Structures are given as structure tokens and as C-alpha cells.
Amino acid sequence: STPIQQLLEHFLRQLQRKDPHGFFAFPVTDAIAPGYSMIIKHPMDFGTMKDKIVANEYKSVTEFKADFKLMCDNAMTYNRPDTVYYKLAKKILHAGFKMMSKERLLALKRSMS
């Protein structure tokens, strides 16, 4: 493994702990969610993100954050605000962007000098 892969695997684990029931663990498809494909054109989930880490397809924390943000946007677009799915997506998005702050990324970034 490489250092960036280890950093992204750490972030991903923290985020998955905030989704204990695995709402975001696998790709949502039309077989479970009517009309999903035509509402959610850019699907994303934790499992695809793990595969992209393993495949070393992320070159930055910015790219990783964008996939995480996409996933939570999709969940808030498709599900109505009354659903546990929409409600959890809003909460992990807030927490996730607070754990990968500009600030926190600069503090961790002064540790490597």
C-alpha cells in the first residue's frame, strides 16, 4: 500500500462508522428504488469508493471528498426529507466535511515536514 491510500482508508472508515446500518454500503439500483437511474445519474456509494482507493484512482483528498459529497447529494435528492435515508445523508455530510476541513487538512499537512 501507499500513504495516500492509507489516509483515504482512515477517512472512509470513520465515515462508515456513522452509517452503522449500511444505507450507503452498496449501489442503489432500480431493482430496489423505482425511477432511481433517471433521478440519480451519477450513483456513488461507500463500496465503490473503497474500490477506487484500492485501485489507487484518487489523486487527492479533494477528489475523495467530491465522491463523498456526491453520494450524500444523491441520497438527499432521491429520498424525501422525512425518510431515514435523507436524514442520515444530511448528518454524515456535515460531519464528513468537518473531519476533512481545509483547516484539519492543513494541520495534518504541517506534520509531514
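For every residue, the number given is its place in the sequence shown, counted from 1. Under this definition, the rigid core comprises the largest set of C-alpha atoms superposing within 1.5 Å between the forms.
K.L.:
Which segment is farther from the shown form on average in 9 other deposited structures of this protein after a rigid core fit, 56 to 64 or 26 to 34, going by CA atoms?
P.N.:
The more displaced stretch in 9 other deposited structures of this protein turns out to be 26 to 34.
K.L.:
Per the record, averaged over C-alpha atoms, which has the higher B-factor: 78 to 86 or 22 to 30?
P.N.:
The stretch with the larger average C-alpha B-factor is 78 to 86.
K.L.:
Hey, which bit's got the bigger mean C-alpha B factor in the entry, 7 to 15 or 94 to 102?
P.N.:
Averaging CA B-factors over each stretch, the winner is 94 to 102.
K.L.:
Sort the modelled residues of this chain by their C-alpha B factor and say whether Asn56 lands in the lowest, middle or highest third.
P.N.:
Answer is highest: the recorded C-alpha B-factor places it there.
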